[PDB]
Each structure stands twice: as structure tokens, then as C-alpha cells.
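Notes follow once the structure below has been shown.
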Amino acid sequence: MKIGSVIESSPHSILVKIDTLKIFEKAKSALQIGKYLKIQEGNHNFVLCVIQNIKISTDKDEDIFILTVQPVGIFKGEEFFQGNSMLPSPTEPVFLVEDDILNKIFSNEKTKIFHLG
Amino acid sequence: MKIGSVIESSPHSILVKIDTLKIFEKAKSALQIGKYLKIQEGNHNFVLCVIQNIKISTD
């Protein structure tokens, strides 16, 4: 919906399809190797994944963008967990990710904060 | 029939098919990690099968 939908799947990797032209160029800053994405995976959950490979298909008049992602965890409500088993199926949109949630993940209340960089 | 038919039979895996998109939309809630399906296998002896973390391959 926001950027695209998932097409294929596997017990180790997830394959995502992204529309071309305006959508890719508008949000090309956040579409790089090593960054993060979130997938709906049902109704109220969300699965966090990291980008590993980006390709463009043009042969046989099939111009489209294809991404490979690997999950890292699932956050339910306002808290983050690790080691997710439930995984998304096709017709599931991807809704990008912001930086405030990343700040919340890496710096929780108390937890004996020790800064690194 | 109910969901689909069998494409390939092999000693280690069975390749199955789904008829159309409406069936997939209705049964999306039951095709995911660790879900179970049964195949006819002759007259009445059903065979239980297991599927992986996600169960799809759109082609």
C-alpha cells in the first residue's frame, strides 16, 4: 500500500515487490542496504526487517523493483520483542519506518544507560 | 476441489496448487507457520502434512 506488497516468502527470507517511477524516487533516501522496514503481518502486529538486496527488473517488459528482507523481531503495542515466529503472507503492505521508534528501541527508561555513540 | 489439487509427487516433498484468488483470500488465516493440511490419498486414508513459517509461492 504505502510502498508495495510482499509477493514470495520463505522460512529464512522475504521477497518484496515495489512499484517504479514516483514511489521509488520519492523515498529513495530510506531505501538502502542496512536500513529497516516494517510489514503488517496480520491485523495489529508488525514485523521488523532489514534490507539485504535491491534489484530492478526490466527484461520482458517487467519494469519493477524487487527487495530481499530478513526479519529481526516483532513489536506488539508499544514494546519490542525478539525472535519472531509468526511471519507475513502475501497481500501485506509495507509502511516504512521512522527514527523516533528506533530511538525508543535503543534507549529505554532506566536500563542502566551507558552511551556508546 | 475444496482448496486445490496436487501438482507433483516426490519422495521428499509434494507440490500442491490453489485454484483462484478468492480461495486464498478466504483461507489466508489458515495458511501460515506450522499449519496443517490433509490430502485424500486414495479412497479415504487421509495423509497429514506440515508447512513452513510462511506458505506461499506466487508465480
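Lettering and numbering for the C-alpha cells are positional, with chains as A, B, ... in the shown order, residues counted from 1 in each chain, and ligands counted from 1 in the shown order.
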Inset, instruction - Please return, as a ChimeraX atom specification, all residues of chain B lying within 8 Å of chain A when only C-alpha atoms are considered. - result: /B:28,32-33,52-58
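Across chain A, DSSP run on the backbone finds alpha helix (DSSP H) at residues 22, 23, 24, 25, 26, 100, 101, 102, 103, 104, 105 and 106 of chain A.
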Distance query residue 3 of chain A at most 7 Å, only C-alpha atoms, self and fewer than 3 positions along chain excluded, as a PDB file with N, CA and C atoms, in the first residue's frame:
ATOM      1  N   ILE A  18       8.056  -3.649  -5.244  1.00  0.00           N
ATOM      2  CA  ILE A  18       7.901  -2.207  -5.101  1.00  0.00           C
ATOM      3  C   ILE A  18       7.635  -1.602  -6.474  1.00  0.00           C
ATOM      4  N   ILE A  23       7.198   6.345  -6.780  1.00  0.00           N
ATOM      5  CA  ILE A  23       7.317   5.818  -5.423  1.00  0.00           C
ATOM      6  C   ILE A  23       8.778   5.605  -5.049  1.00  0.00           C
ATOM      7  N   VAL A  94       3.797  -2.702   3.193  1.00  0.00           N
ATOM      8  CA  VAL A  94       4.974  -2.251   3.927  1.00  0.00           C
ATOM      9  C   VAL A  94       4.840  -0.750   4.142  1.00  0.00           C
ATOM     10  N   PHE A  95       5.055  -0.298   5.379  1.00  0.00           N
ATOM     11  CA  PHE A  95       4.738   1.071   5.772  1.00  0.00           C
ATOM     12  C   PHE A  95       5.963   1.855   6.235  1.00  0.00           C
TER      13      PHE A  95
END
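In terms of minimum interatomic distance to residue 48 of chain B, B:14 ranks closest within B:14, B:30, B:7, B:1, counting only C-alpha atoms.
The protein and nucleic acid residues lying at most 6 Å from segment 15-27 of chain B are residues 3, 4, 5, 6, 7, 8, 29 and 30 of chain B, with only C-alpha atoms considered and sequence neighbours fewer than 2 positions away removed.
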Inset, instruction - Apply DSSP to the backbone of this structure and, from chain A, keep only the residues in strand (DSSP E or B); write these as a ChimeraX atom specification. - result: /A:4-9,14-18,36-39,47-57,64-76,79-80,93-94
Inset, instruction - Tell me which protein, DNA and RNA residues are within 10 Å of segment 55-58 of chain A, counting only C-alpha atoms, leaving out same-chain ones fewer than 5 positions away, and put them as a ChimeraX atom specification. - result: /A:18,20,63-68
Once you have the residues from the selection above, write them out as an mmCIF file, in the first residue's frame, restricted to C-alpha atoms.
data_model
loop_
_atom_site.group_PDB
_atom_site.id
_atom_site.type_symbol
_atom_site.label_atom_id
_atom_site.label_comp_id
_atom_site.auth_asym_id
_atom_site.auth_seq_id
_atom_site.Cartn_x
_atom_site.Cartn_y
_atom_site.Cartn_z
ATOM 1 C CA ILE A 18 7.901 -2.207 -5.101
ATOM 2 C CA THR A 20 8.569 2.011 -10.038
ATOM 3 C CA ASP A 63 9.964 -2.996 -15.005
ATOM 4 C CA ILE A 64 9.569 -3.218 -11.215
ATOM 5 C CA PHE A 65 11.732 -3.060 -8.089
ATOM 6 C CA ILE A 66 12.418 -6.183 -6.025
ATOM 7 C CA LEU A 67 13.825 -6.280 -2.487
ATOM 8 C CA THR A 68 15.036 -9.049 -0.183
#
Legend entry - All residues 9 Å or closer to segment 103-106 of chain A, only C-alpha atoms, same chain fewer than 4 positions away omitted, as an NGL selection string: :A and (79-80 or 99)
Legend entry - 7 Å contact set for residue 92 of chain A, only C-alpha atoms, chain neighbours under 6 positions out, as a ChimeraX atom specification: /A:5-6,39-41
